[PDB]
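Below is one structure, written out as structure tokens; comments come after it.
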Amino acid sequence: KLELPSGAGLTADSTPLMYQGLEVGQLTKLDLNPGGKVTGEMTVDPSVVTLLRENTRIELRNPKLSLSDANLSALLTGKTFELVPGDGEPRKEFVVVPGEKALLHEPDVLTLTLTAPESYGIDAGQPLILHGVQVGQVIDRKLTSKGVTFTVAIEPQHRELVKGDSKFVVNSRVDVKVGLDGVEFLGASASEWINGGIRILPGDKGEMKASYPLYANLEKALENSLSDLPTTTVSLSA
Amino acid sequence: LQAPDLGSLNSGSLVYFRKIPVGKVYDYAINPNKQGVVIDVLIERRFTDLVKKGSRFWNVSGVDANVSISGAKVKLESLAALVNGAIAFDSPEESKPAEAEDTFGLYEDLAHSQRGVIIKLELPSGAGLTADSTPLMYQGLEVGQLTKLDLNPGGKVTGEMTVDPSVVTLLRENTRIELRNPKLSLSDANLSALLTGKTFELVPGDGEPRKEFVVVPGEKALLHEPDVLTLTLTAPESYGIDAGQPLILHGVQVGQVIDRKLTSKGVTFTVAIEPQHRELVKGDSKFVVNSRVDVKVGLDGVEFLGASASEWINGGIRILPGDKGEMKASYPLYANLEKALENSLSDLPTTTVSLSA
């Protein structure tokens with residue numbers, strides 16, 4: 001049994017369950033229960049039933065447009081359930097989440113609520129980068145009265161490497177400073193600009209506190225100045 | 001049975017219930033008005049209990065072959081209906097058994113004989129709509145079906161819809177039915193959305209159950225939400241702001257421009273705000289154009305005003321929210337951010353003190 005978000009591109013007898021690229025199961029039922037809750041169910045191959053365990057995720061994959069592998073078979077099929085196994089007690093019912101929320105429900109995950117005074121053009125699905133390589137993903141963006149609150153996730157392999165003390169820098173905006181001695185390009189590269197997202201400046205040791213600030217660029221993260229205008233430190237009278 | 005024409009039915013064609021032959025067509029004759037054909041059938045003696053007052057008769061005759069996307073299922077089920085024709089029927093659960101020459105309508109297809117509630121619609125235009133092919137989505141699943149499409153005199157397209165009886169509880173006093181365009185998706189490259197076309201979307205509400213609705217185009221759909229904040233904001237120029245531009249507070253889209261009307265004084269916009277964000281504008285605000293780029297270069301002053309490049313292709317209007325105010329009817333639309341801070345709507349600044357020389 002499956003608890004689907006919405007039966008948008010799903011078909012009553014045509015949506016398969018891939019595992020290692022091979023067809024394992026088949027969505028055989030799709031209903032709209034009252035309350036606006038789409039639920040369906042699936043018949044899986046008995047060879048694979050040993051893999052369905054306590055933290056085994058079934059997430060639906062979108063047919064993304066591939067530039068390197070121009071395939072018509074992926075676009076002609078459409079939505080596709082992907083199986084990723086785990087270990088533990090065998091269970092026989094799962095919860096399917098959309099493609100953006102799929103990273104939250106991994107058996108290990110590091111979920112951080114980071115606040116900001118502005119969205120800075122950071123969308124819901126932006127990649128999240130440490131040392132040039134993507135290590136996580138923004139999950140969702142919620143607007144509050146104080147500002148913009150993000151929720152990000154970190155993959156389990158990289159979970160050890162953030163080390164509890166970190167700065168979070170926006171990569172969505174370009175910034176050029178020109179000068180006689182000061183020439184620098186801040187916040188992006190052009191391939192990183194179309195990706196966008198949040199950059200981590202990792203530190204040595206800390207306890208992973210709940211909330212973090214999102215700094216506007218790299219120099220405001222080094223100075224630890226979240227506000228737009230700098231801190232008044234000493235005043236003068238004249 | 002009363003049909004608009006005889007169809008593929010001959011005298012001696014067969015009557016099915018659950019694909020079991022339980023009778024035959026006895027005769028056929030034109031009624032005294034020349035519109036119809038009266039087809040009278042003969043159900044067998046032990047099967048008389050099957051026919052009820054709420055039974056529906058439909059026509060299953062000939063072969064229909066369809067070419068569909070992601071596979072084209074041409075399946076040949078009934079062989080006896082091809083040569084001579086057939087009539088199937090339904091038996092509802094709780095109804096009195098019909099008897100003694102009770103009339104019935106003969107539907108032309110199984111899809112036309114689905115039970116449900118007729119829902120009248122007042123459509124803007126029947127542009128991409130089809131008489132029996134436009135569905136009503138709810139949660140991505142097909143709920144209803146546009147079954148009729150007419151052009152009433154006065155240039156008023158009206159149609160009507162049969163919805164599934166499971167969903168009829170959702171159709172209430174502020175329940176909107178808006179038509180969705182098949183937009184081009186870059187992340188989800190789907191052929192199914194583009195091959196279908198126009199699609200009615202159902203979004204429910206609460207209150208008194210109603211059975212007729214008004215469908216508005218995709219741009220005007222935000223105005224008719226059960227809660228909405230509609231603002232008429234004036235401007236001396238369009239500033240390249242089109243009808244469908246997004247409207248942005250703190251980087252995230254919170255509303256939408258509805259329409260743009262040109263008057264003798266200038267350009268008057270009408271914008272709308274979603275109900276979740278309705279509390280957050282707080283009655284005092286400035287409205288800044290995001291459609292134009294502006295670069296100021298200098299030795300100390302280097303700034304990029306009015307846009308970012310992703311925000312430039314979106315464009316639209318930015319809100320500068322304030323603390324507290326009553327939501328007055330009209331607002332001004334400032335040209336950029338610095339003219340909104342100075343509160344200077346005019347192109348050249350206010351003359352404050354004059355001089356003579």
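Taken together, the values in this text are just the output of simple stated rules run on the coordinates, not laboratory data. Cβ atoms come from the backbone with ideal geometry, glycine included; neighbour counts cover every protein chain shown.
According to the square roots a ≥ b ≥ c of the eigenvalues of the Cα gyration tensor, what is the shape class of the range A:85-238, taking rounded for a/c under 1.5, prolate for a/b larger than b/c otherwise, and oblate for the remainder? Provide the component values of the computation, followed by the final result.
Working: a/c = 2.13, a/b = 1.87, b/c = 1.14.
Prolate is the answer for the range A:85-238, as a/c is 1.5 or above and a/b outweighs b/c.
Proximity of backbone amide H atoms, modeled 1.01 Å from N, is registered between residue A:7 and B:141 at under 5 Å, excluding neighbours fewer than 5 places apart on the same chain. Near residue B:136, the amide H atoms lying under 5 Å from its own belong to B:143, B:144, B:145, B:146; only residues 5 or more places off or on other chains count, and H is placed 1.01 Å from N. Computed from point charges on the beta carbon alone (+1 for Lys and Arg, -1 for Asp and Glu), the dipole magnitude for the protein assembly as shown about its Cα centre is near 620 Debye. Sequence-ordered 3J(HN,Hα) estimates for the range B:192-199 from the Karplus curve with 6.51, -1.76 and 1.60 and θ = phi - 60° stand at 5, 5, 6, 6, 6, x, 5, 8 Hz, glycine and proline given as x. Neighbours of residue A:113 by Cβ distance under 12 Å: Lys/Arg scored +1, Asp/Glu scored -1, total +2. Amide H contacts of residue B:60 (H built 1.01 Å from N, in plane; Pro and chain starts excluded): B:86, B:87, B:88 sit under 5 Å, all sequence-distant by 5 or more or on other chains. Each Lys or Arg adds one and each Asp or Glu subtracts one; over the other residues with Cβ under 11 Å from the Cβ of residue A:128, this totals 0.
Starting from the Cα gyration tensor of the range A:1-116, take the square roots of the eigenvalues, sort them a ≥ b ≥ c, and report rounded, prolate or oblate (rounded when a/c is under 1.5, otherwise prolate if a/b is larger than b/c, else oblate). Note, shape of the range A:1-116 comes out rounded. Across the range B:322-332, rounded Karplus estimates of 3J(HN,Hα) from the backbone phi angles (6.51 cos²θ - 1.76 cosθ + 1.60, θ = phi - 60°) give x, 7, 7, x, 7, 6, 5, 5, 9, 9, x Hz, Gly and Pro being marked x.
For a quick protection proxy, order the peptides A:213-225, A:44-56 by their average other-Cβ count within 10 Å, most packed first.
Packing proxy ranking, top to bottom: A:213-225, A:44-56.
Counts of other chain beta carbons within 10 angstrom of each beta carbon in peptide A:73-80 average 3. Can you tell me the length gained on complete extension of the stretch residue A:82 to residue A:11, counting 0.36 nm per residue apart and subtracting the Cα distance? Separation in residues times 0.36 nm, less the Cα-Cα distance, equals 24.0 nm.
Expected output is a single nm value to one decimal: the length gained when fully extending between residue B:268 and residue B:111, i.e. 0.36 nm times separation in residues minus the C-alpha distance. What is it?
So the extension gain works out to 51.7 nm.
Computed from backbone phi, the HN-Hα couplings of the range A:150-167 come to 9, 10, 10, 10, 10, 5, x, 5, 8, 4, 6, 8, 6, 6, x, 10, 7, 10 Hz, rounded to whole numbers (Karplus: 6.51 cos²θ - 1.76 cosθ + 1.60, θ = phi - 60°; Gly and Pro given as x). Its Cα centre serving as origin, chain A has a Cβ charge dipole (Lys and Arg +1, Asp and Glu -1) of approximately 420 debye. Nearest 5 is fine: what % of DSSP beta bridges in the range A:108-229 come out antiparallel, could you say? Roughly 80 percent of the beta bridges in the range A:108-229 run antiparallel, per DSSP. The GluC sites (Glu not before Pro) found in the range A:57-95 that occupy coil by DSSP, while having at most 15 further C-beta atoms within 10 Å, are A:93.
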